[PDB]
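**Q** Dumping the structure here so I can ask a few things about it.
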Amino acid sequence: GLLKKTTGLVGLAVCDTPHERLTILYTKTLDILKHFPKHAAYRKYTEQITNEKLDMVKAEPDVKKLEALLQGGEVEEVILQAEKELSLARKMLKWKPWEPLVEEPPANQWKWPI
Amino acid sequence: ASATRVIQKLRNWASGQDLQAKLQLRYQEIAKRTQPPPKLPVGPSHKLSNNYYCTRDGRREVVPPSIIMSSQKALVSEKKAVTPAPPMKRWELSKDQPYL
Amino acid sequence: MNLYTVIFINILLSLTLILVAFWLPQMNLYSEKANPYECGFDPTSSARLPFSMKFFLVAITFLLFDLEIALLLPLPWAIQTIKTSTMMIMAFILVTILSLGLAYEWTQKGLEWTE
Amino acid sequence: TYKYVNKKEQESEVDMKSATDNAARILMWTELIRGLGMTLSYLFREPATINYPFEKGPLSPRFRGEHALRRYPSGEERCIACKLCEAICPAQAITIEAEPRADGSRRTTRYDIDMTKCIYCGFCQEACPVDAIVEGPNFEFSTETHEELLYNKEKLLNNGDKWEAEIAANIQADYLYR
Amino acid sequence: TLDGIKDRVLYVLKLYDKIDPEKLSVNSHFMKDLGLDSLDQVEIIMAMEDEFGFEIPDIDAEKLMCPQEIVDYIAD
Amino acid sequence: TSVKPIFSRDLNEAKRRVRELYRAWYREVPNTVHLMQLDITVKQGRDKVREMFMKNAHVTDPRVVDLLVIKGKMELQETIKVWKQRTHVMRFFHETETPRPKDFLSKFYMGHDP
Amino acid sequence: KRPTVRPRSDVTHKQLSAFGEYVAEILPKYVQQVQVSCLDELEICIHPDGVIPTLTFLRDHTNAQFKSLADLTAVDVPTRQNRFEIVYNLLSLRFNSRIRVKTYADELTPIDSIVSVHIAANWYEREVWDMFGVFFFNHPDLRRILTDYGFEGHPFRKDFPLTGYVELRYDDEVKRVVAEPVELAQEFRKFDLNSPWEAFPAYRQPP
Ligand SMILES: CCCCCCCCCCCCCCCCCC(=O)OC[C@H](COP(=O)(O)OCCN)OC(=O)CCCCCCCCCCCCCCCCC
Ligand code: SF4
Ligand code: SF4
């Protein structure tokens, strides 16, 4: 439609070309989650999410309808969240959160009242 | 209240708007200081019958918190993704004064 | 000598006043009241240290503009000359030159401060 | 619902008239003459101040100030040393030490209030079951000594015998609410 | 340069105010015969850094245990 | 036994940091008696440093030593800067507290305390 | 329907239990004891090694945008050997929800810091170190905030006296605000208020 000269949030630019940056970021997430093992849950859930949002992008070209379908505020907030999820995916690849529990606690640790 | 009708005019012009009606002080339009006695009302649970504290206790209807994935016990944590709640629906722009 | 007298009178007023201010009252001196303020706590260093000035270019051009004032100021006598065209052109040139210099400084961000 | 406070709807409509108006706002300080006129208007209003010692601020019966130990109309001392005014006092300002009076009566041998710990909260008078200690209207009991603001039974009873003519009325006015 | 360091260091020692130099020598250990714990040795090493004009770490300082080792250090 | 470290594999690697801290204090005292006009000599300031060090020489846990080093660095920061005033520094010396009698019979003459 | 008691819903409880299963099965290397209370406040409990990964997850994950730190507390319980229960209250602003991440510590078992995730945690970690004595790794400043500069002690520890061990007053002999030991003209009067009767059978501890 138009270029929405003012996104209401401060410090956030406008991204004259959306429907591309989101494809980039979601494809990158999908391509990095392949390195996760299958039994991991972050892989599955993030794949579900990114596939749904990628389908939303492929479907709707209008930025306003895309926002209202893609409940993340303005499209620039959604793009920021995609970048940040990508960063998280790398960090989780390094951390290996899916492993079993390390050093279960003493018994009287979360028991309350005491 | 006493402004001799020309100083009233001066202040209402320099200000920009009538202030003899909307004054900073209080003369006689205030609730006076000695009043009649009240009769304060009485809330429910004064029913005199069919009112037992075991039925309308709140402080006892609590429970210890429910538990998922306790390492102590043997609890176990296709499955669709989840949110802590549905997304907070966007706010609508005002109608009485949207652009101040 | 009238003017000298007026100024001496004002001088002696000020000095007599300071003499009164110092030798009339009472004194209770001690090191904890005679040390610099700095808002309840003590200073972390001396005040006789560099205070970076961030308008020094503005100061220097103020000096040059002061000289421009000194050059413009003879005009009330320059106007009672017979020519009244050479002085016009020359004052025009002086003021226009000063304005040109101001504009160059402005555009080159000399009137802005050194952040 | 929300609304913008400093967001222009849209720009880019200017003609020589609007330019003249803006250039006259500038170069005449027109939006500053309004401030001058406002302060001038305030010069010609009735000031809100009062000749304090001779005319004073309005208070209500609920106002809670200096303390007092009250009596019954018979003159009997009204406290009974039930010792919960100090249970609830969240500053630990009150002390009591109690004994039988040789008449065979629950009464105090001590009622102190460090009025430098009191926070003037009213909990003591809304906890007393007999309306014995109250928080009265006097707010003009400043002192030149810390030791004067540490009260005992006799000072509180002096306050009560002094301010009963006011406290009885304040209580009569405010009860049916408490 | 070498043998000036000897009496230089030894004068610093003499001024240290806690060693009583009647026992003192260049091969004199600090811990055993003089009974100076690590902090006194650290003070000594600072006195040497004050005599000269080069900083030095604590590992070298703890490798040092007598004035002769100090002298051997100032070369390198 | 079988516990985690903080900054120290062993006690010798903690004494290293201890000596670095003693060094910083020794080199700071002459500047603190000068900047804020203390009325002591540099000798007894450094003796106070060694006293407040030997107040904790019995310790052998590396973790406790590291935490004490941390708190010493905090106090050194506060003292290198003038965040703390002459009052706080001369607080160390106890220039008003009479000496606690370390003798039986004196304690018996004044007080029921041991 | 009863007026005096507080109303009750179930959809919030179910949502938060679902999200608790979510976190529990997505982050098993660290998570212990997810729980949801009568009042619906989700509360995840975490191994201290999992702090940065869990907080980064809840900040940056799409279905959990907990990108605002509200509080960062600590709670001293002298009974348990790992005394200090540390708490992280968060909110999302995308789902209009809160969550609570919890860890545990001790006097000599510190925790990684969170300025790499939430810059708001700087002064809170400083406060926690000052009040309870929990050191935080790779923190920029980590000095006191609230206590006086020359102050020994971690006051909000339960074993610390309310009145302290030092008291201040000015002295003419030295012209300073010296610190004398503590000597009060009126001892704090401890009151023994707890009743000897089980008020709430639901929390009854068996032997
Ligand atoms: C025949 C053809 C030739 C004719 C030639 C003549 C042409 C007309 C000349 C008109 C020029 C009038 C002089 C105007 C000078 C001020 C210039 C100006 O723009 O205002 C300066 C300043 C700027 O305000 P700002 O909104 O920030 O705009 C600047 C953006 N660059 O705004 C300010 O200065 C405000 C800050 C100062 C506030 C001080 C308080 C003022 C209170 C008002 C008191 C007025 C009383 C004056 C009485 C004087 C009596 C001696
Ligand atoms: S509550 Fe009232 S009656 Fe009881 S001790 Fe206090 S003043 Fe006396
Ligand atoms: S008013 Fe409050 S603080 Fe004051 S004495 Fe009564 S209970 Fe204590």
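Note that chain B is numbered according to Swiss-Prot, with residues 2-78, 91-113 shown in order.
The deposited model was determined using electron microscopy, 3.0 Å.
Here the Cβ of each residue, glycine as well, is placed from N, Cα and C on the backbone.
As listed in Swiss-Prot for this protein:
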COMPBIAS  B:102-113  compositional bias 'Basic and acidic residues'
MOD_RES   B:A2  N-acetylalanine
MOD_RES   B:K40  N6-acetyllysine
MOD_RES   B:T96  phosphothreonine
**Q** Within 10 angstroms of the C-beta of the residue listed as 'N6-acetyllysine', what count of other C-beta atoms is obtained when all protein chains are considered?
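**A** The Cβ of the residue listed as 'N6-acetyllysine' has 7 Cβ neighbours within 10 Å.
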**Q** Count up the helix, strand and coil residues in the compositional bias 'Basic and acidic residues' (B:102-113) according to DSSP, in that order.
**A** 0 helix, 2 strand, 10 coil
**Q** In the structure shown, which of the modified residues B:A2, B:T96 has the fewest other Cβ atoms within 10 Å?
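**A** So among B:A2, B:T96, the modified residues given, the one with the fewest Cβ atoms within 10 Å is B:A2.
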**Q** Listing the modified residues B:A2, B:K40, B:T96, which lie under 8 Å (Cβ to Cβ) from chain G?
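**A** Listed in sequence order, the modified residues near chain G are B:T96.
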**Q** Express the distance between the Cα positions of B:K40 (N6-acetyllysine) and the residue listed as 'phosphothreonine' as a whole number of Å.
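**A** The separation of the Cα atoms works out to 52 Å.
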**Q** Would you kindly give the Cα-Cα distance separating B:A2 (N-acetylalanine) and the residue listed as 'phosphothreonine', rounded to the nearest Å?
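**A** A Cα-Cα distance of 63 Å.
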